[PDB]
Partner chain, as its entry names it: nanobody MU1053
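Have a look below at one chain only, the form deposited without the partner chain, in structure tokens format.
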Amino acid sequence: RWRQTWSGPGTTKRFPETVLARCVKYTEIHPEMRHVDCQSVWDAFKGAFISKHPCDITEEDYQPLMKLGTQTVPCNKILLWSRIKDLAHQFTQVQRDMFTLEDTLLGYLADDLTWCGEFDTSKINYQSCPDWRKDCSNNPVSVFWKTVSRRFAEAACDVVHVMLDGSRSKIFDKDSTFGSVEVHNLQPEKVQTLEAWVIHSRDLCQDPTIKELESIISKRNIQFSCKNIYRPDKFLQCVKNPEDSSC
């Protein structure tokens, strides 16, 4: 009452209604998902975490949802990112030069939301949810993202791009979802090159954590490439209008 069970913020208000509406909106826009039944998608989502202990969630819990959300993405146009979501989304919005995970049905449904249930009750917990660090890593949100990020990385081919935040302490972070899940699930048989865009001065492509990334991916038999983006404001402007003196 004046203290909560878990350390993290509770489930987003109107969670059920929100997921359902996002599904409707997504399926009206994208024609190849125009057949999906959103009620059953919701049912599948619910079934992954309702009445389950929010610290004992597994990837199998989410397989019904994964099956319903199966989607073909252009394998050579994938954009990954770490800790730099705003720029990555503004970029893909211009002319769909690339696809991020949130441009998929499943990524779109869950983006920016929090959720969890309770053991031996079918109630949603609007009070609090497990914190990944203080409480447990096997919570419904962390497990959802690990499962979908894995499959998304497995679908990539040819040249794969990643946006990284050059202002952070660790530009490449081995403990992030990109560093711990996506880099290890790219398929060397299909992926020719990983190219990083370091968003800002110095040559950050010489930064020690970037040399670590290069070494990791080279040892997987994948080529590594890196570019500095010194002025992200100018860069976005060039994407919208490559017809510019500055560009």
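We call the rigid core the largest set of C-alpha positions that still match within 1.5 Å between the two forms. Numbering follows the first chain given and starts at 1.
Going from residue 200 to residue 201, you skip over 4 to 9 residues of the deposited sequence that the entry leaves unmodelled. A summary of the deposited B-factors shows that, of 224 to 232 and 5 to 13, the stretch with the larger mean C-alpha value is 5 to 13.
Once the C-alpha B-factors are averaged per stretch, 32 to 40 and 204 to 212 rank with 32 to 40 first. As recorded in the PDB entry, 134 shows the highest C-alpha B-factor of the residues 161, 151, 134, 83.
Annotation for 77, 89, 146, 170: 170 ranks highest, by Cα B-factor. In this PDB entry, the Cα temperature factor of residue 179 sits in the bottom third of its chain's modelled residues, the lowest group. Among the modelled residues of its chain, residue 102 has a C-alpha B-factor that falls in the lowest third according to the deposited record. Among the modelled residues of the chain, residue 46 sits in the middle third by CA temperature factor in this PDB entry. Annotation for residue 119: C-alpha temperature factor in the highest third relative to the rest of the modelled chain, per the entry. Among the modelled residues of its chain, residue 61 has a C-alpha B-factor that falls in the middle third according to the deposited record.
The same protein also has a form deposited with the partner chain bound, omitted here; what follows describes it.
Using a 4.5 Å cutoff between non-hydrogen atoms, residue 142 does not count as a contact of the partner chain in the deposited bound form. The closest non-hydrogen atom of residue 95 lies within 4.5 Å of the partner chain in the deposited bound form. Although the partner is absent from this view, residue 192 contacts the partner chain in the deposited bound form, with a non-hydrogen atom inside 4.5 angstroms. When contacts are judged by a 4.5 Å heavy atom cut-off, residue 113 does not count as touching the partner chain in the deposited bound form. Residue 223 shows a C-alpha shift below 2 Å between the shown form and the other one [criterion: core-superposed Cα displacement of 2 Å]. Residue 237 shows a C-alpha shift of 2 Å or greater between the shown form and the other one [criterion: core-superposed Cα displacement of 2 Å].
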